[PDB]
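Residue numbers (the entry's author numbering), protein chains in the order written: chain WW, 72 to 183; chain dd, 1 to 217; chain TT, 15 to 160; chain 33, 17 to 73; chain YY, 60 to 105; chain PP, 55 to 211; chain QQ, 2 to 50.
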RNA sequence: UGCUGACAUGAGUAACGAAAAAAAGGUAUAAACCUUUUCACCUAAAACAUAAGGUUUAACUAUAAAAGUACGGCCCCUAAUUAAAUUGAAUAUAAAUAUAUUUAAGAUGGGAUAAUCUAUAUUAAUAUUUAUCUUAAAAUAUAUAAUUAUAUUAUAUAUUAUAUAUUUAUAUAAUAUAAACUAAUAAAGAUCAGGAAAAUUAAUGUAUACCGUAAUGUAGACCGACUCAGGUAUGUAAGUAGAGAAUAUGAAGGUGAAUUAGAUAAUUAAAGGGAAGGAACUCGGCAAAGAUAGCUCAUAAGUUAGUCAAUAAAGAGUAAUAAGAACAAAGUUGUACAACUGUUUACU
RNA sequence: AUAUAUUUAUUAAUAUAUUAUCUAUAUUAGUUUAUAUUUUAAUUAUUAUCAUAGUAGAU
Ligand SMILES: [Mg+2]
Ligand SMILES: [Mg+2]
Ligand SMILES: [Mg+2]
Ligand SMILES: [Mg+2]
Ligand SMILES: [Mg+2]
Ligand SMILES: [Mg+2]
Ligand SMILES: [Mg+2]
Ligand SMILES: [Mg+2]
Ligand SMILES: [Mg+2]
Ligand SMILES: [Mg+2]
Ligand SMILES: [Mg+2]
Ligand SMILES: [Mg+2]
Ligand SMILES: [Mg+2]
Ligand SMILES: [Mg+2]
Ligand SMILES: [Mg+2]
Ligand SMILES: [Mg+2]
Ligand SMILES: [Mg+2]
Ligand SMILES: [Mg+2]
Ligand SMILES: [Mg+2]
Ligand SMILES: [Mg+2]
Ligand SMILES: [Mg+2]
Ligand SMILES: [Mg+2]
Ligand SMILES: [Mg+2]
Ligand SMILES: [Mg+2]
Ligand SMILES: [Mg+2]
Ligand SMILES: [Mg+2]
Ligand SMILES: [Mg+2]
Ligand SMILES: [Mg+2]
Ligand SMILES: [Mg+2]
Ligand SMILES: [Mg+2]
Ligand SMILES: [Mg+2]
Ligand SMILES: [Mg+2]
Ligand SMILES: [Mg+2]
Ligand SMILES: [Mg+2]
């Protein structure tokens, strides 16, 4: 149940890169988005076109933010004396830097 | 053995007049760590009142501890009659129950929410509770007075109800709040608590001395 | 355990209506009591005086002195031991506490700078050290005099 | 996931940097049994009473 | 039963039986205190 | 005739009325103190009638009351101490660990409210400008962590 | 950069060791400081104790 | 089976460590972070308060607030015990040191006042553990001061009406559910016979020291190499139901995880059902299956007389007569060894 | 009870929508329950979850 001899360069390579199943395949099923105009996968939907429509829904069916009447009537001075600034920890500071561990999808290339 | 003290039960008006321990008035205390507020019928408060007031404690409105070092008296309201004092105490407690259990959803949207959607806090201190107590006291007082208002001399001109804050800052503006005609009808006066000695250290002597003055007769 | 052979327990006794003591309270809270928005405290109700002693912890009522406001190093020099020898105990006492008062002001500024901004300008630190030099020079003169 | 920016195990601790180190550091006030009393040279005034109080001299 | 948890911390015992005074107030304790000092060790005792 | 607490109140009232100490002056006279106290900005849990200080560690509650009255003329009615802890720290994992200094802070209740001055805008005070130091530290960490091919990656400093 | 270190002197032994580095091994630290600073406050001259 | 450093093979293989999740929005950056709703798990805990411990990990640098009255340490006092301490010459001993007496230290323990809120200082004089049984009487129901049966055996504070110094306190008289539970004297059974130590008045006096206080604390915040199914002290631990802190649900709270998404091949583990046989299996009924009350009756032989046997086996009473939660509840006998309850090989 | 339309005269009523079936005092110290007291604090019908797939009978 253990290797009896070190596996040579030849055996290792032909085992991993030899067969056709282990090697990844060319993506031949790409089409042109009827709406976006760019590349898209066959029998799927264009993410950008889907994304922008979802954006339209979001901005037209968004719930108004709850802004209590009490807060907007306070002067800057009362806000400072009543809601002083506070310092954030390393975990909290890193969490706000969301551009270092979250990233948006990439716009697909255009198909002619 | 007298296990039961003056503060164990809820003392009605009949008890107060027979005993006459204090003039008709309701003390309002605040907590200096969690920022919560406790309503008391006496200058002293114990665990029974805390339990009867914080019935629905969660990570935001945690149940406070009966550690006297972090409780301070915020406002002492004096009322013309003992019936008024008892009626105010009941009204204040009802709002706390409504605001904590019955109508928590509608109370929440009125509170100030910071980023992440939580109620604003600097540590475990949330000022919204103190502000809520002031607003509830104003509303309870208004509902207390509207029920009974002789508008005349029944037997003797009643003493003008008054209010005793620690500092004028705690109460809101005198114009957009605490300016309804009803209060002016009874001549509610906004007065400040005597501030010479160690307030917290010598609160008991202050409250009695203010109690004697309140009972002018 | 609640077996199928269990029978319901008898109902609790009930005091007859003719002997029940009337409660000491009949009226209660108001059922027309509505929730109002919180009322914040406002500083417009305050009268914070302009002569308030804590102002001695600030320089000309300023949060933190800038480079221009701070006394430049060229124009300044700490006292010298011979100079202090020509001073009476009362005057040396007066100088000591004046040194201490500005030391408190500079300490407040250093802490604010080094705990929030983090800058290493240490202009305030150097000024405090110069005052500290004078303070011990005063102490030396008194001991030598005694 | 305690830290959303660390999806996989990288050896990071739950808190702090190292779980081990010197323990021979001098004692302070905040640490010790409930009967410990370090002190801060801030009280050399008065005399403890027999009951367990204090009397300012 | 499971082992490995032989060290159960306690500041009182740790200081009383391995502390500085727990060794500075005895002949044998002093000897090891000075041996560590001669070797140049930073942390003489607990 | 009267309780102890009532007498304490009377003494404080008497002191204020006569323009004299509202406390009892001790007999150990310090003629040239070297203690410095740092004023601290208010927290949310405070009121405009209080003030917080970073006092020396070996500083009694009575000491601050005398310190304020005799040097500044400010009278503190109630003084209360909060002594903080010291977290373990190490500039690098190779060095010995030692606790951060313990800082003693006391809060005082006063008679005349105080409101701090407005903080400078970033365009007038050279010292009060947090962009430069934070930017340098970001540059510091970036160049200490760039190991291999990340040397050519553009920096955000 | 809140550390409260300026208000006290804790770790005297460690601070002395760090601040009194052997002179033979200064080039070890000189490389560290140089590689970790912007070009517009760095001079090509050796420092002085 | 050489020492140290670097890099290979096993190999992009095993594994990602008890588990319920889903949509919308922060955000045309999210399975993993935050919010709202739905669903679910823990609920005599995975909740709430704590002790010890610890790289402060917390709701964070502007940060954990105490004269005391249930707030602890600190301080007074000591137990087990400890001590380069004290006693021509305490005793003994190759040195180290040991012994006896004093003194000092040592909590896991003891320490008056208190919401009608309380005052600790200086001077002077002189209680091991354990139960609330029986009779009595009042009061109640059927019957006729006689009899049967029945809750109660003692305190805990409100109201009404009277008498005292004069609306403050006491006293008197009458009214006021049941089941648990709490501290105090009461009364009393057994032998296993149950800690040590530190006054009252009279006058004067009190400007209230220092430390602890965050969060985790049946655990991702301590001991276990690990964000380890292991170890870790205390009090509450909603209701419904029950003898019960068992078992079932769960109000409120917390929570649903450094792995996800599909088919679930052979095979493995943990479970459910199984015709006709029913131990033929197997070293060996190992494993699995088997419960006709849980309350009230009844209960043999033997025997050391102890319902030991015994929760005896079978049996009976209570709606069940086809069944429908969970938990408690798993037969009889002969022989060898040992009287019995207990202890033992941390890890065969 | 609030809000919008209609009728009536800001009261009352109809229609619609939303929300809730709480709470507080007494019965001698604490908890639970029960009753009386205060308020407006409802009955039905059909679902759902948990108890081994809770369990039995079918399929
Ligand atoms: Mg107090
Ligand atoms: Mg601790
Ligand atoms: Mg080990
Ligand atoms: Mg030992
Ligand atoms: Mg403290
Ligand atoms: Mg070799
Ligand atoms: Mg393989
Ligand atoms: Mg495989
Ligand atoms: Mg796998
Ligand atoms: Mg999303
Ligand atoms: Mg259970
Ligand atoms: Mg239960
Ligand atoms: Mg907890
Ligand atoms: Mg002693
Ligand atoms: Mg103890
Ligand atoms: Mg804690
Ligand atoms: Mg806590
Ligand atoms: Mg664990
Ligand atoms: Mg550990
Ligand atoms: Mg629930
Ligand atoms: Mg938790
Ligand atoms: Mg997991
Ligand atoms: Mg079968
Ligand atoms: Mg069959
Ligand atoms: Mg066979
Ligand atoms: Mg066979
Ligand atoms: Mg078996
Ligand atoms: Mg027989
Ligand atoms: Mg069983
Ligand atoms: Mg035989
Ligand atoms: Mg045996
Ligand atoms: Mg046995
Ligand atoms: Mg064994
Ligand atoms: Mg469940």
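Ideal Cβ positions, reconstructed from N, Cα and C, are used throughout, including at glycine.
Give the secondary structure of residue i by DSSP, where H, G and I count as helix, E and B as strand, and everything else as coil.
{"i": "residue 107 (chain dd)", "result": "helix"}
{"i": "residue 142 (chain PP)", "result": "strand"}
{"i": "residue 131 (chain PP)", "result": "coil"}
{"i": "residue 95 (chain YY)", "result": "helix"}
{"i": "residue 40 (chain dd)", "result": "strand"}
{"i": "residue 173 (chain WW)", "result": "coil"}
{"i": "residue 70 (chain PP)", "result": "helix"}
{"i": "residue 76 (chain TT)", "result": "strand"}
{"i": "residue 189 (chain dd)", "result": "strand"}
{"i": "residue 137 (chain TT)", "result": "helix"}
{"i": "residue 15 (chain QQ)", "result": "helix"}
{"i": "residue 79 (chain YY)", "result": "coil"}
{"i": "residue 93 (chain PP)", "result": "strand"}
{"i": "residue 85 (chain dd)", "result": "helix"}
If we ignore side chains and look at the alpha-carbon of each, how far apart do residue i and residue j end up?
{"i": "residue 127 (chain dd)", "j": "residue 161 (chain dd)", "result": "27 angstroms"}
{"i": "residue 80 (chain WW)", "j": "residue 90 (chain WW)", "result": "16 angstroms"}
{"i": "residue 42 (chain 33)", "j": "residue 71 (chain YY)", "result": "14 angstroms"}
{"i": "residue 136 (chain dd)", "j": "residue 152 (chain WW)", "result": "23 angstroms"}
{"i": "residue 153 (chain PP)", "j": "residue 139 (chain WW)", "result": "45 angstroms"}
{"i": "residue 205 (chain dd)", "j": "residue 212 (chain dd)", "result": "11 angstroms"}
{"i": "residue 157 (chain dd)", "j": "residue 58 (chain TT)", "result": "34 angstroms"}
{"i": "residue 120 (chain PP)", "j": "residue 124 (chain TT)", "result": "25 angstroms"}
{"i": "residue 128 (chain PP)", "j": "residue 129 (chain TT)", "result": "27 angstroms"}
{"i": "residue 11 (chain dd)", "j": "residue 84 (chain dd)", "result": "13 angstroms"}
{"i": "residue 175 (chain PP)", "j": "residue 117 (chain TT)", "result": "25 angstroms"}
{"i": "residue 136 (chain WW)", "j": "residue 95 (chain dd)", "result": "26 angstroms"}
{"i": "residue 216 (chain dd)", "j": "residue 156 (chain WW)", "result": "46 angstroms"}
{"i": "residue 120 (chain TT)", "j": "residue 90 (chain TT)", "result": "16 angstroms"}
Can the beta-carbon of residue i be found closer than 9 angstroms to that of residue j?
{"i": "residue 78 (chain TT)", "j": "residue 179 (chain PP)", "result": "yes"}
{"i": "residue 197 (chain PP)", "j": "residue 2 (chain QQ)", "result": "no"}
{"i": "residue 79 (chain dd)", "j": "residue 92 (chain dd)", "result": "no"}
{"i": "residue 100 (chain WW)", "j": "residue 114 (chain WW)", "result": "yes"}
{"i": "residue 90 (chain dd)", "j": "residue 141 (chain WW)", "result": "no"}
{"i": "residue 19 (chain QQ)", "j": "residue 155 (chain PP)", "result": "no"}
{"i": "residue 108 (chain WW)", "j": "residue 182 (chain WW)", "result": "yes"}
{"i": "residue 111 (chain WW)", "j": "residue 103 (chain WW)", "result": "yes"}
{"i": "residue 72 (chain 33)", "j": "residue 60 (chain 33)", "result": "no"}
{"i": "residue 166 (chain PP)", "j": "residue 131 (chain PP)", "result": "no"}
{"i": "residue 96 (chain PP)", "j": "residue 89 (chain PP)", "result": "no"}
{"i": "residue 141 (chain dd)", "j": "residue 27 (chain dd)", "result": "no"}
Which residues, taken in chain order from the region 104–129 of chain PP, show a beta carbon closer than 7 angstroms to some beta carbon of chain 33? Of all residues in the region 104–129 of chain PP, 111, 112, 113, 114 have a Cβ within less than 7 angstroms of some Cβ in chain 33.
What are the residues in the region 88–104 of chain WW lying within 7 angstroms of chain 33 by C-beta distance? Within the region 88–104 of chain WW, no residue has a Cβ that lies closer than 7 angstroms to any Cβ of chain 33.
Mind checking the region 140–172 of chain WW against chain TT and listing, in chain order, the residues whose C-beta falls within less than 7 angstroms of any C-beta there? Only those residues of the region 140–172 of chain WW whose C-beta falls short of 7 angstroms from the nearest C-beta of chain TT are listed: 140, 141, 145, 148, 149, 152, 153.
In the region 182–199 of chain PP, which residues sit with their C-beta less than 8 angstroms from some C-beta in chain TT, listed in chain order? Closer than 8 angstroms at the C-beta level to chain TT, one finds these residues of the region 182–199 of chain PP: 182, 183, 184, 186, 187, 188, 191.
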